[PDB]
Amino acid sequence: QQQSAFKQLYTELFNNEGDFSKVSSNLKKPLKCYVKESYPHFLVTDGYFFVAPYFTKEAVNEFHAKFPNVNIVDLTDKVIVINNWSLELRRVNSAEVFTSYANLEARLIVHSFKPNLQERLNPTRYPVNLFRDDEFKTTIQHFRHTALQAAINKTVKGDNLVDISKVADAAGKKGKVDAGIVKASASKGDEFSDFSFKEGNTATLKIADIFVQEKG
């Protein structure tokens, strides 16, 4: 049994075509998370891993006007509760976004959250980036392997075997190794992008902007 709520949640999302509706229902209950950091990166934990929640402009407007005496970027070390939330896959640049892997990111879309300040959370293990976990990275690789195999089997069709004469009696033959490069998909660009999952599009608020709204 998976003890990390975030790991089990994110893994199921990747193991179900990035379709949140296909994710088990008994895991869609409100999340009680400890805030590890609030700025420059707002990171919450579940006692094992930390993830970066994405707040909708509505979730923020509700929080501001339901808890006006509370600054979100001042929630470090504070415990929050996410009542309304969803999950969705997004294509990202992993060289820039540390909360992702292999250019893929499972985002926690927050629609409603309340702060349970002054509530001491039970000590635990030091939280690590879920997207740096051995098994989770592997789960994401499986997802890409599936998409890669589907595309290659769709793109490469019929006979494409190197003619045996080309590798026989090759003593006087020379070739360029780039002859062995086969495109996995008809797509444009050096990066593989022929996935079949429905990429999320939920517009979220950038953390550096919730800072100005709250602290100029």
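Sequential numbering from 1, following the sequence displayed.
Taking the PDB entry as given, 39 to 47 carries the higher mean Cα B factor of the two stretches 173 to 181 and 39 to 47.
Looking at 154 to 162 and 61 to 69 together, the entry lists the larger mean B-factor for 61 to 69, computed on C-alpha atoms. For the set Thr146, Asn122, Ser94, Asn129, the maximum C-alpha B-factor listed in the entry falls on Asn122.
Per-chain ranking of the deposited C-alpha B factor places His142 in the lowest third. In the deposited entry, the Cα temperature factor of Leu117 places it in the highest third of its chain's modelled residues. Looking at the C-alpha B-factors along this chain, the one for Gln3 belongs to the middle third.
Among all modelled residues in this chain, the alpha-carbon of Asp74 has a temperature factor (C-alpha) in the highest third. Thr11: CA B factor in the lowest third of modelled residues in this chain (values from the PDB entry).
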